[PDB]
Amino acid sequence: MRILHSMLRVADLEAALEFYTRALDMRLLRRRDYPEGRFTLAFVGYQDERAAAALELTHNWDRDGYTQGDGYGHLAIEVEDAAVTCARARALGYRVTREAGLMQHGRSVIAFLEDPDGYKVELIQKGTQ
Amino acid sequence: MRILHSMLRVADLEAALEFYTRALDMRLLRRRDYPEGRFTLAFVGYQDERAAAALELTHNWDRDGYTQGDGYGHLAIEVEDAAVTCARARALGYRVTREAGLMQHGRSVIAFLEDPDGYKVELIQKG
Ligand code: NI
Ligand SMILES: [Zn+2]
Ligand SMILES: [Zn+2]
């Protein structure tokens with residue numbers, strides 16, 4: 001058994017893909033656009049879907065946005081240097097909600113970004129987790 | 001770089017753990033109280049955290065529930081036999097929903113399990 005993917009709904013799929021690929025260096029693993037169902041799916045990640053869990057982004061062509069609640073948390077990504085990843089996001093015009101630094105009560109170097117839809121991305125510096 | 005985990009907030013950690021460990025056969029990899037923040041984290045998965053992405057569960061001690069929006073989709077898991085997993089989940093009293101005709105799943109009918117907090121788990125049969 002294995003975890004295959006986490007799925008999120010996005011208002012603008014191209015804006016979403018630009019964040020994941022440009023700010024986070026993920027690659028587009030697979031994209032499928034169904035005119036019969038009026039939706040598109042896009043799987044983004046770092047390794048092939050056969051090898052690791054991916055992020056699935058869904059866009060319903062006739063929806064203009066979604067309502068976020070407080071149940072869903074975040075997607076966490078392991079990074080070489082959290083300050084460097086933050087500075088890249090900032091330079092690209094994306095939201096850094098918590099700059100790289102030690103976790104409130106711990107020794108892990110963490111940062112938080114928000115993607116264009118407002119979903120939280122937790123960055124955890126390698127070795128510190 | 002790699003994906004480390006997806007995090008969901010849970011109203012009752014013990015109920016959530018009962019679902020992920022018994023209905024889904026996940027292993028409790030790590031769990032820790034953070035008394036200063038008044039929360040407990042639990043990490044459930046199938047492989048070691050250093051090797052694969054896990055599911056992080058947050059239980060806030062002063063909360064009884066969460067307001068779910070319509071943005072979050074589901075977590076998908078690969079299973080040996082979906083029919084066996086569904087039957088096992090139903091025996092345990094969890095809701096199973098099945099969807100036919102999903103364009104991205106070809107001829108397959110896809111089962112979704114509902115966890116105690118109402119989060120959906122998509123079952124994808126291996127092969
Ligand atoms: Ni986390
Ligand atoms: Zn899925
Ligand atoms: Zn699906």
# chains A, B, ... in the order shown; residues from 1 in each chain; ligands from 1

$ interface_residues --of "chain A" --to "chain B" --cutoff "7 Å" --atoms "only C-alpha atoms" --output "ChimeraX atom specification"
/A:1-9,46,52-53,66-79

$ write_last_selection --atoms "N, CA, C and O atoms" --output "mmCIF file, in the first residue's frame"
data_model
loop_
_atom_site.group_PDB
_atom_site.id
_atom_site.type_symbol
_atom_site.label_atom_id
_atom_site.label_comp_id
_atom_site.auth_asym_id
_atom_site.auth_seq_id
_atom_site.Cartn_x
_atom_site.Cartn_y
_atom_site.Cartn_z
ATOM 1 N N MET A 1 0.857 -1.184 0.000
ATOM 2 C CA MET A 1 0.000 0.000 0.000
ATOM 3 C C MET A 1 0.874 1.208 0.000
ATOM 4 O O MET A 1 2.015 1.158 0.483
ATOM 5 N N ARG A 2 0.363 2.322 -0.558
ATOM 6 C CA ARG A 2 1.147 3.559 -0.536
ATOM 7 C C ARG A 2 0.224 4.748 -0.705
ATOM 8 O O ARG A 2 -0.898 4.615 -1.210
ATOM 9 N N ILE A 3 0.698 5.912 -0.290
ATOM 10 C CA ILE A 3 -0.036 7.164 -0.517
ATOM 11 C C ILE A 3 0.275 7.591 -1.953
ATOM 12 O O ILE A 3 1.439 7.691 -2.340
ATOM 13 N N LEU A 4 -0.765 7.874 -2.739
ATOM 14 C CA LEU A 4 -0.588 8.227 -4.153
ATOM 15 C C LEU A 4 -0.590 9.742 -4.388
ATOM 16 O O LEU A 4 0.252 10.229 -5.144
ATOM 17 N N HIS A 5 -1.558 10.471 -3.796
ATOM 18 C CA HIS A 5 -1.628 11.918 -4.014
ATOM 19 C C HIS A 5 -2.592 12.587 -3.068
ATOM 20 O O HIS A 5 -3.384 11.924 -2.410
ATOM 21 N N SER A 6 -2.453 13.904 -2.951
ATOM 22 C CA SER A 6 -3.375 14.761 -2.207
ATOM 23 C C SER A 6 -3.960 15.636 -3.307
ATOM 24 O O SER A 6 -3.198 16.146 -4.155
ATOM 25 N N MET A 7 -5.272 15.829 -3.296
ATOM 26 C CA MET A 7 -5.947 16.638 -4.323
ATOM 27 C C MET A 7 -6.492 17.933 -3.765
ATOM 28 O O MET A 7 -7.140 17.920 -2.738
ATOM 29 N N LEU A 8 -6.255 19.051 -4.478
ATOM 30 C CA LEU A 8 -6.742 20.381 -4.142
ATOM 31 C C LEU A 8 -7.453 20.987 -5.350
ATOM 32 O O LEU A 8 -6.976 20.839 -6.460
ATOM 33 N N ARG A 9 -8.526 21.725 -5.108
ATOM 34 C CA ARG A 9 -9.249 22.453 -6.178
ATOM 35 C C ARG A 9 -8.715 23.900 -6.258
ATOM 36 O O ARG A 9 -8.502 24.548 -5.236
ATOM 37 N N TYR A 46 7.957 15.857 -7.726
ATOM 38 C CA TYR A 46 9.405 15.787 -7.907
ATOM 39 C C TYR A 46 9.878 14.479 -8.480
ATOM 40 O O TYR A 46 10.976 14.417 -9.028
ATOM 41 N N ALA A 52 6.437 7.990 -6.098
ATOM 42 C CA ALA A 52 6.175 8.814 -4.930
ATOM 43 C C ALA A 52 4.838 9.485 -5.012
ATOM 44 O O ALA A 52 4.261 9.613 -6.106
ATOM 45 N N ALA A 53 4.389 9.985 -3.849
ATOM 46 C CA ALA A 53 3.139 10.746 -3.768
ATOM 47 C C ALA A 53 3.304 12.069 -4.497
ATOM 48 O O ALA A 53 4.370 12.701 -4.462
ATOM 49 N N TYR A 66 -13.230 28.644 -4.885
ATOM 50 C CA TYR A 66 -13.648 27.747 -3.828
ATOM 51 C C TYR A 66 -13.607 28.474 -2.486
ATOM 52 O O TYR A 66 -13.092 29.609 -2.401
ATOM 53 N N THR A 67 -14.234 27.873 -1.459
ATOM 54 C CA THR A 67 -14.216 28.431 -0.123
ATOM 55 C C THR A 67 -13.274 27.555 0.677
ATOM 56 O O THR A 67 -13.406 26.338 0.623
ATOM 57 N N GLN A 68 -12.300 28.168 1.357
ATOM 58 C CA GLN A 68 -11.363 27.444 2.222
ATOM 59 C C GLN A 68 -11.905 27.403 3.633
ATOM 60 O O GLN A 68 -12.426 28.392 4.135
ATOM 61 N N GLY A 69 -11.788 26.251 4.259
ATOM 62 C CA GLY A 69 -12.168 26.122 5.657
ATOM 63 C C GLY A 69 -10.924 26.050 6.517
ATOM 64 O O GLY A 69 -9.820 26.441 6.095
ATOM 65 N N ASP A 70 -11.090 25.558 7.731
ATOM 66 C CA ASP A 70 -9.953 25.470 8.613
ATOM 67 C C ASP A 70 -9.569 24.045 8.957
ATOM 68 O O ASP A 70 -8.733 23.840 9.826
ATOM 69 N N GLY A 71 -10.155 23.076 8.252
ATOM 70 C CA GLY A 71 -9.833 21.663 8.468
ATOM 71 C C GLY A 71 -8.545 21.261 7.776
ATOM 72 O O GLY A 71 -7.631 20.688 8.391
ATOM 73 N N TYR A 72 -8.445 21.571 6.479
ATOM 74 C CA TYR A 72 -7.236 21.238 5.707
ATOM 75 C C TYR A 72 -6.048 22.084 6.213
ATOM 76 O O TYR A 72 -6.166 23.286 6.447
ATOM 77 N N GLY A 73 -4.930 21.431 6.385
ATOM 78 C CA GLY A 73 -3.704 22.041 6.900
ATOM 79 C C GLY A 73 -2.784 22.613 5.864
ATOM 80 O O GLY A 73 -2.889 23.786 5.493
ATOM 81 N N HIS A 74 -1.930 21.754 5.320
ATOM 82 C CA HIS A 74 -0.929 22.172 4.369
ATOM 83 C C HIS A 74 -0.296 20.999 3.706
ATOM 84 O O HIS A 74 -0.579 19.849 4.056
ATOM 85 N N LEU A 75 0.539 21.302 2.706
ATOM 86 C CA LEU A 75 1.375 20.333 2.047
ATOM 87 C C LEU A 75 2.813 20.726 2.485
ATOM 88 O O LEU A 75 3.208 21.886 2.366
ATOM 89 N N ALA A 76 3.580 19.784 2.992
ATOM 90 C CA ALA A 76 4.933 20.091 3.442
ATOM 91 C C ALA A 76 5.950 19.574 2.420
ATOM 92 O O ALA A 76 5.817 18.467 1.899
ATOM 93 N N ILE A 77 6.974 20.385 2.152
ATOM 94 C CA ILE A 77 8.045 20.053 1.190
ATOM 95 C C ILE A 77 9.426 20.175 1.852
ATOM 96 O O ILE A 77 9.668 21.106 2.606
ATOM 97 N N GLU A 78 10.286 19.201 1.604
ATOM 98 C CA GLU A 78 11.647 19.215 2.126
ATOM 99 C C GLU A 78 12.491 20.084 1.217
ATOM 100 O O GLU A 78 12.447 19.907 0.011
ATOM 101 N N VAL A 79 13.232 21.046 1.789
ATOM 102 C CA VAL A 79 14.067 21.960 0.992
ATOM 103 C C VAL A 79 15.528 21.981 1.507
ATOM 104 O O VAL A 79 15.771 21.726 2.686
#

$ select_by_dssp --residues "range 39-108 of chain B" --states "strand (DSSP E)" --output "list in words"
residues 39, 40, 41, 42, 43, 44, 45, 54, 55, 56, 57, 58, 59, 60, 72, 73, 74, 75, 76, 77, 78, 79, 96, 97, 98 and 99 of chain B

$ residues_around --residues "residue 109 in chain B" --least-positions-apart "2" --cutoff "10 Å" --atoms "only C-alpha atoms" --output "list in words"
residues 98, 99, 100, 101, 102, 105, 106, 107, 111 and 124 of chain B

$ residues_around --residues "residue 17 in chain B" --least-positions-apart "3" --cutoff "10 Å" --atoms "only C-alpha atoms" --output "list in words"
residues 10, 12, 13, 14, 20, 21, 22, 23, 24, 26, 27, 28, 42, 43, 44, 57, 115 and 116 of chain B

$ select_by_dssp --residues "chain B" --states "helix (DSSP H, G or I)" --output "MDAnalysis selection string"
chainID B and resid 13:23 82:91 103:105

$ write_last_selection --atoms "N, CA, C and O atoms" --output "short mmCIF file (atom, residue, chain, number, x, y, z; two decimals), in the first residue's frame"
data_model
loop_
_atom_site.label_atom_id
_atom_site.label_comp_id
_atom_site.auth_asym_id
_atom_site.auth_seq_id
_atom_site.Cartn_x
_atom_site.Cartn_y
_atom_site.Cartn_z
N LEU B 13 -8.42 12.83 17.94
CA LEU B 13 -7.26 12.10 17.45
C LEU B 13 -7.42 10.58 17.57
O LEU B 13 -7.00 9.86 16.68
N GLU B 14 -7.96 10.08 18.72
CA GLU B 14 -8.07 8.63 18.88
C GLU B 14 -8.99 8.01 17.81
O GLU B 14 -8.67 6.94 17.26
N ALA B 15 -10.11 8.70 17.50
CA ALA B 15 -11.06 8.24 16.46
C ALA B 15 -10.38 8.23 15.09
O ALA B 15 -10.55 7.28 14.31
N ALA B 16 -9.63 9.31 14.79
CA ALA B 16 -8.89 9.45 13.53
C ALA B 16 -7.87 8.33 13.43
O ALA B 16 -7.79 7.67 12.39
N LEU B 17 -7.11 8.06 14.52
CA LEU B 17 -6.10 7.02 14.46
C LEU B 17 -6.68 5.65 14.28
O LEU B 17 -6.13 4.85 13.54
N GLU B 18 -7.83 5.39 14.94
CA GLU B 18 -8.56 4.13 14.81
C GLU B 18 -8.88 3.91 13.30
O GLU B 18 -8.71 2.81 12.78
N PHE B 19 -9.31 4.97 12.61
CA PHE B 19 -9.67 4.82 11.18
C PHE B 19 -8.46 4.51 10.31
O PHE B 19 -8.47 3.55 9.54
N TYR B 20 -7.40 5.35 10.42
CA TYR B 20 -6.22 5.19 9.57
C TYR B 20 -5.48 3.92 9.86
O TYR B 20 -5.03 3.28 8.92
N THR B 21 -5.40 3.51 11.15
CA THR B 21 -4.69 2.26 11.43
C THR B 21 -5.53 1.00 11.14
O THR B 21 -4.97 0.05 10.62
N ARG B 22 -6.84 0.97 11.48
CA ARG B 22 -7.66 -0.25 11.30
C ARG B 22 -8.29 -0.37 9.94
O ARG B 22 -8.27 -1.45 9.35
N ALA B 23 -8.93 0.70 9.45
CA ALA B 23 -9.55 0.61 8.13
C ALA B 23 -8.52 0.68 7.03
O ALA B 23 -8.68 -0.03 6.02
N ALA B 82 -9.44 -3.33 -3.69
CA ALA B 82 -10.38 -2.30 -3.22
C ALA B 82 -11.63 -2.89 -2.61
O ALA B 82 -12.14 -2.33 -1.63
N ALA B 83 -12.14 -4.00 -3.18
CA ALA B 83 -13.36 -4.66 -2.70
C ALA B 83 -13.17 -5.11 -1.24
O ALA B 83 -14.02 -4.83 -0.40
N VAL B 84 -12.01 -5.71 -0.94
CA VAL B 84 -11.62 -6.16 0.40
C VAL B 84 -11.49 -4.97 1.36
O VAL B 84 -12.04 -5.00 2.46
N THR B 85 -10.84 -3.89 0.93
CA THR B 85 -10.73 -2.70 1.78
C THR B 85 -12.10 -2.06 2.08
O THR B 85 -12.31 -1.62 3.21
N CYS B 86 -13.00 -1.98 1.07
CA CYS B 86 -14.34 -1.41 1.26
C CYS B 86 -15.12 -2.24 2.24
O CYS B 86 -15.74 -1.68 3.14
N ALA B 87 -15.13 -3.58 2.03
CA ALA B 87 -15.85 -4.51 2.90
C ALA B 87 -15.35 -4.36 4.34
O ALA B 87 -16.17 -4.28 5.26
N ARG B 88 -14.02 -4.26 4.52
CA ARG B 88 -13.39 -4.08 5.84
C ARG B 88 -13.85 -2.74 6.46
O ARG B 88 -14.25 -2.71 7.62
N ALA B 89 -13.84 -1.65 5.67
CA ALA B 89 -14.27 -0.34 6.18
C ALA B 89 -15.73 -0.32 6.63
O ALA B 89 -16.03 0.25 7.68
N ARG B 90 -16.63 -0.92 5.82
CA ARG B 90 -18.07 -1.02 6.09
C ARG B 90 -18.31 -1.85 7.35
O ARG B 90 -19.11 -1.45 8.19
N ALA B 91 -17.56 -2.95 7.52
CA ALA B 91 -17.63 -3.82 8.71
C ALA B 91 -17.31 -3.00 9.95
O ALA B 91 -17.95 -3.16 10.98
N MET B 103 -14.17 10.18 -15.72
CA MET B 103 -13.40 10.27 -16.96
C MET B 103 -11.92 9.98 -16.82
O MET B 103 -11.30 9.44 -17.73
N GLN B 104 -11.34 10.34 -15.67
CA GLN B 104 -9.91 10.13 -15.43
C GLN B 104 -9.58 8.72 -14.93
O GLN B 104 -8.40 8.42 -14.68
N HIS B 105 -10.61 7.88 -14.73
CA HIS B 105 -10.43 6.54 -14.19
C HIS B 105 -10.88 5.42 -15.15
O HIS B 105 -11.02 4.27 -14.74
#

$ residues_around --residues "residue 95 in chain A" --least-positions-apart "5" --cutoff "12 Å" --atoms "only C-alpha atoms" --output "PyMOL selection string"
chain A and resi 19+23+85-90+111-121

$ write_last_selection --atoms "N, CA and C atoms" --output "short mmCIF file (atom, residue, chain, number, x, y, z; two decimals), in the first residue's frame"
data_model
loop_
_atom_site.label_atom_id
_atom_site.label_comp_id
_atom_site.auth_asym_id
_atom_site.auth_seq_id
_atom_site.Cartn_x
_atom_site.Cartn_y
_atom_site.Cartn_z
N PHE A 19 2.98 28.63 -9.99
CA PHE A 19 3.53 28.61 -8.62
C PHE A 19 4.29 27.32 -8.35
N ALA A 23 8.06 28.65 -8.45
CA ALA A 23 8.48 28.89 -7.07
C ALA A 23 9.00 27.62 -6.40
N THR A 85 14.56 29.29 -0.65
CA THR A 85 13.25 29.03 -1.27
C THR A 85 12.28 30.21 -1.03
N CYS A 86 12.27 30.81 0.20
CA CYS A 86 11.42 31.96 0.51
C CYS A 86 11.75 33.15 -0.38
N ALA A 87 13.05 33.46 -0.49
CA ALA A 87 13.56 34.59 -1.27
C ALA A 87 13.17 34.42 -2.76
N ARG A 88 13.18 33.17 -3.27
CA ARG A 88 12.78 32.83 -4.66
C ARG A 88 11.27 33.13 -4.82
N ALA A 89 10.43 32.63 -3.88
CA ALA A 89 8.98 32.90 -3.90
C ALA A 89 8.71 34.39 -3.88
N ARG A 90 9.36 35.12 -2.95
CA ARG A 90 9.16 36.57 -2.82
C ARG A 90 9.49 37.32 -4.12
N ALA A 111 9.44 27.34 7.14
CA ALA A 111 8.89 28.54 6.53
C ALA A 111 7.51 28.15 5.99
N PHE A 112 6.69 29.13 5.71
CA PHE A 112 5.39 28.91 5.12
C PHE A 112 5.17 29.81 3.95
N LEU A 113 4.64 29.22 2.89
CA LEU A 113 4.27 29.99 1.69
C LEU A 113 2.78 29.82 1.52
N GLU A 114 2.17 30.68 0.69
CA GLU A 114 0.80 30.44 0.28
C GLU A 114 0.81 30.40 -1.21
N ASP A 115 0.12 29.43 -1.80
CA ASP A 115 0.02 29.36 -3.26
C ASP A 115 -1.02 30.41 -3.71
N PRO A 116 -1.23 30.59 -5.03
CA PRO A 116 -2.18 31.63 -5.49
C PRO A 116 -3.60 31.52 -4.96
N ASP A 117 -4.07 30.28 -4.68
CA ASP A 117 -5.39 30.06 -4.11
C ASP A 117 -5.42 30.23 -2.59
N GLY A 118 -4.26 30.40 -1.98
CA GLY A 118 -4.20 30.57 -0.53
C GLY A 118 -3.91 29.31 0.26
N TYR A 119 -3.66 28.16 -0.42
CA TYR A 119 -3.30 26.93 0.28
C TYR A 119 -1.91 27.09 0.84
N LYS A 120 -1.72 26.60 2.07
CA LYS A 120 -0.45 26.71 2.79
C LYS A 120 0.53 25.64 2.41
N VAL A 121 1.77 26.05 2.15
CA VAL A 121 2.87 25.15 1.84
C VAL A 121 3.91 25.32 2.94
#

$ atom_distance --atom1 "CA of residue 59 in chain A" --atom2 "CA of residue 42 in chain A"
8.7 Å

$ decode --residues "range 27-44 of chain B" --atoms "N, CA, C and O atoms" --output "short mmCIF file (atom, residue, chain, number, x, y, z; two decimals), in the first residue's frame"
data_model
loop_
_atom_site.label_atom_id
_atom_site.label_comp_id
_atom_site.auth_asym_id
_atom_site.auth_seq_id
_atom_site.Cartn_x
_atom_site.Cartn_y
_atom_site.Cartn_z
N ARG B 27 0.57 2.62 9.61
CA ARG B 27 1.40 2.49 10.79
C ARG B 27 1.43 3.87 11.44
O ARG B 27 1.49 4.87 10.71
N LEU B 28 1.38 3.94 12.80
CA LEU B 28 1.59 5.20 13.53
C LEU B 28 3.10 5.36 13.55
O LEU B 28 3.81 4.60 14.24
N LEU B 29 3.62 6.31 12.77
CA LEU B 29 5.07 6.47 12.66
C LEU B 29 5.67 7.32 13.75
O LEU B 29 6.84 7.14 14.13
N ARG B 30 4.90 8.31 14.21
CA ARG B 30 5.39 9.31 15.16
C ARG B 30 4.16 10.03 15.71
O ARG B 30 3.15 10.19 15.02
N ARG B 31 4.24 10.47 16.96
CA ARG B 31 3.17 11.23 17.59
C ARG B 31 3.84 12.06 18.68
O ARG B 31 4.76 11.56 19.35
N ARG B 32 3.38 13.31 18.89
CA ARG B 32 4.04 14.14 19.91
C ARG B 32 3.11 15.23 20.40
O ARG B 32 2.48 15.91 19.58
N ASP B 33 3.08 15.42 21.74
CA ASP B 33 2.30 16.53 22.33
C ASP B 33 3.17 17.78 22.29
O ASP B 33 4.37 17.69 22.50
N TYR B 34 2.55 18.94 22.05
CA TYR B 34 3.22 20.24 22.05
C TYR B 34 2.42 21.08 23.07
O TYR B 34 1.43 21.73 22.71
N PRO B 35 2.71 20.92 24.38
CA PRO B 35 1.85 21.56 25.41
C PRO B 35 1.79 23.07 25.33
O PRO B 35 0.77 23.66 25.71
N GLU B 36 2.85 23.70 24.88
CA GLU B 36 2.88 25.18 24.77
C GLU B 36 1.89 25.67 23.69
O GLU B 36 1.28 26.72 23.85
N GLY B 37 1.71 24.90 22.62
CA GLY B 37 0.76 25.24 21.56
C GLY B 37 -0.60 24.59 21.75
O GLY B 37 -1.51 24.81 20.96
N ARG B 38 -0.72 23.71 22.76
CA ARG B 38 -1.95 22.97 23.06
C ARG B 38 -2.45 22.11 21.87
O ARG B 38 -3.61 22.19 21.49
N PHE B 39 -1.54 21.35 21.28
CA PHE B 39 -1.86 20.42 20.18
C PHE B 39 -1.00 19.18 20.23
O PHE B 39 0.05 19.14 20.89
N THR B 40 -1.46 18.15 19.52
CA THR B 40 -0.72 16.92 19.36
C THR B 40 -0.66 16.65 17.86
O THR B 40 -1.67 16.84 17.17
N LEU B 41 0.53 16.25 17.38
CA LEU B 41 0.73 15.81 16.01
C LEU B 41 0.84 14.30 15.96
O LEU B 41 1.41 13.70 16.86
N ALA B 42 0.30 13.68 14.91
CA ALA B 42 0.48 12.24 14.68
C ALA B 42 0.78 12.09 13.19
O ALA B 42 0.22 12.83 12.36
N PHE B 43 1.66 11.16 12.86
CA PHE B 43 2.07 10.87 11.49
C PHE B 43 1.80 9.42 11.21
O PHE B 43 2.31 8.53 11.90
N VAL B 44 0.93 9.19 10.23
CA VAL B 44 0.53 7.85 9.81
C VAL B 44 0.95 7.63 8.34
O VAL B 44 0.93 8.56 7.54
#
